[PDB]
Amino acid sequence: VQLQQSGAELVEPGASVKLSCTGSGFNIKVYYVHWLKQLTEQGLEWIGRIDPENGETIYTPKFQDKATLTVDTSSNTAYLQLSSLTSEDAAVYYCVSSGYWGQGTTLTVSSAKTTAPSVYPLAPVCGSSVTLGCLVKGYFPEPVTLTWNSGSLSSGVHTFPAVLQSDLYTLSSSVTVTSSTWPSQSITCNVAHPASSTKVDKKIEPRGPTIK
Amino acid sequence: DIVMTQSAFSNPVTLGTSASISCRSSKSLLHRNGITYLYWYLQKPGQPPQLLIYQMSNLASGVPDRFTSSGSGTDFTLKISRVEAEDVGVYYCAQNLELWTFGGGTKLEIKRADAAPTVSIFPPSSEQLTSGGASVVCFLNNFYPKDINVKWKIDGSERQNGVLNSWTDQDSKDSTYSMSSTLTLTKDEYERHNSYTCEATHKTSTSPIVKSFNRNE
């Protein structure tokens, strides 16, 4: 059971956005569909809910005009339309139904160009543990999802929050394994940038060939 | 409407000791049926909020019994009998008596034994150099407490420009912090100098941890 939300929406200020929430293994038919907003490093604001039986909506007064909730039972999709976007609308939007939360859509309100990331392997310089890295540079908008060995490598991972400079984000991630593990076993950085439909699998190669 | 107020501020809690998180409602959460419509959620970085407690007294399925809540009808606390590493994140109180509203959240931070950072230096990749760029990266990993200073040196000379520092959220397994320091140069600028050094100053030692490489080597 999952509620499907696109990872990102990049919309110019003043324009409108229609965010979708698609039931996967869940049918939007009886349970209210709730929408919530979460600003960066802040709380959670309930926007409103929609009854999928009659289309009746209830909004928080501050979202009455800005937000419009709809539901398409035939497409198994609930929608949140937000009008005349401003910088204050940039946030993570969650849809919730029957206690199931969607992964959230990061809404970016900007006229800046969608840019796919460059993905750089960070192999160690030419003790018992070894640290490898991955540099994800020059992308827009947020987010990027990073995994190691398709998520099989989860322990000893540090993924550093992205930093914005001159319209582009940069992030990095380190992975620490036993010295005997690498380069014997393959270590690959898997980067996904939903806004540009980019999926990059970058293998970490030793700086010097294993033969010297 | 009902406004939920939580102080975002709380002191770091020693691992394995008890913690209390306060919340107040602008109107009573007690209903005429005798039920208190108070909820507690935990949100971990990059994840949606997870339900902990429903209607004040009930644990959500699979939630450890270390979380309990009680109160007056307008002032409540979430009690953590003993704080574990996995408890880090932002705790929210919420109510569903009048629509749905949430508190501003309270981030739980853990105090653990001091730990020196493990420092690793990374020269630019062949791929970045081929594009004309040159980022030198230093990871200052699994340290405690959070405060740390990084110093970059190019041929023995300090460099402040083009340095970007990013801190991770507190680790859910060992309660440490890590930091990434990136010095970005052009391929040409990078090739004009030999020695690249990153020095980590942390309270665990008066001497910095020094990691260096020579571009020529």
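Computed from heavy atoms alone, side chains included, the values below leave out hydrogens, waters and symmetry copies. Naming convention: chains lettered A, B, ... in sequence-line order (proteins, then strands); numbering from 1 in each chain.
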Inset, instruction - Give the C-alpha distance, both sets of side-chain angles, the deciding distance and a yes or no for side chain to side chain contact (heavy atoms under 4.5 Å, CB included) between B:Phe122 and A:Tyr120. - result: CA-CA 11 Å; B:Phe122 302 84; A:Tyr120 307 121; over 6 Å; no

Within a reach of under 6.0 Å around [atom1] of [X], are more than 12 heavy atoms found that belong to other residues, nucleotides or ligands?
X        : atom1 : result
A:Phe26  : CZ    : yes
B:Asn194 : CG    : yes
A:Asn54  : CG    : yes
B:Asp147 : CG    : no
A:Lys37  : NZ    : yes
B:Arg24  : CZ    : no
B:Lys107 : NZ    : no
A:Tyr31  : OH    : no

Legend entry - CG on A:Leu164 to CG on B:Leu164, rounded to 0.5 Å: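 If we round to the nearest 0.5 Å, B:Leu164:CG and A:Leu164:CG are 10.0 Å apart.
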
Inset, instruction - Identify which of A:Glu45, A:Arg49, A:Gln38 forms the greatest number of heavy-atom pairs closer than 4.5 Å to chain B. - result: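 Going by pairs under 4.5 Å, I would pick A:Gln38.
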
Inset, instruction - Select, from A:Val92, A:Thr176, A:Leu122, the one with the greatest count of heavy-atom pairs under 4.5 Å involving chain B. - result: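 It is A:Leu122.
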
Which atom names give the shortest non-hydrogen contact between [X] and [Y], and what distance separates them?
X        : Y        : value
B:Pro48  : A:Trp101 : CB-CB, 3.6 Å
B:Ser120 : A:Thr131 : OG-CB, 3.6 Å
B:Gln47  : A:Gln103 : CA-NE2, 4.1 Å
B:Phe139 : A:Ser173 : CZ-O, 3.8 Å
B:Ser166 : A:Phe160 : O-CD2, 3.4 Å
B:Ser125 : A:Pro121 : CB-O, 3.4 Å

Inset, instruction - Side-chain contact test, heavy atoms from C-beta onward, threshold under 4.5 Å: evaluate it for B:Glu127 versus A:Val119 and give yes or no. - result: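 B:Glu127 vs A:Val119: side chains apart.
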
Legend entry - Geometric class of the B:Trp100/A:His34 ring pair [parallel <30°, tilted 30-60°, perpendicular >60°]: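 A:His34 vs B:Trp100 ring planes: perpendicular.
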
Contact part of [X] toward chain A, heavy-atom cut-off under 4.5 Å: side chain, backbone, both or neither?
X        : result
B:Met179 : backbone
B:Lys173 : side chain
B:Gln50  : neither
B:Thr184 : side chain
B:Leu51  : neither
B:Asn142 : both
B:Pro45  : neither
B:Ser131 : side chain
B:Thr101 : neither

Inset, instruction - Indicate whether the side chain of B:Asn141 and that of A:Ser174 have a donor and an acceptor atom separated by less than 3.5 Å. - result: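 Present: a donor and an acceptor within the cut-off.
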
Sort [X] into side chain, backbone, both or neither according to what part of it lies under 4.5 angstrom from a heavy atom of chain B.
X        : result
A:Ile204 : neither
A:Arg207 : side chain
A:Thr159 : backbone
A:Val163 : side chain
A:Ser118 : neither
A:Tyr94  : side chain
A:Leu135 : side chain
A:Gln165 : side chain
A:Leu171 : neither

Legend entry - Largest heavy-atom contact set with chain A, pairs under 4.5 Å, which of B:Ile121, B:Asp171, B:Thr182: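 That would be B:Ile121.
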
Legend entry - Expected output: side-chain A:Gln42 to main-chain B:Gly105 donor-acceptor under 3.5 Å: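 Side chain of A:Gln42 to backbone of B:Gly105: no pair is present.
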
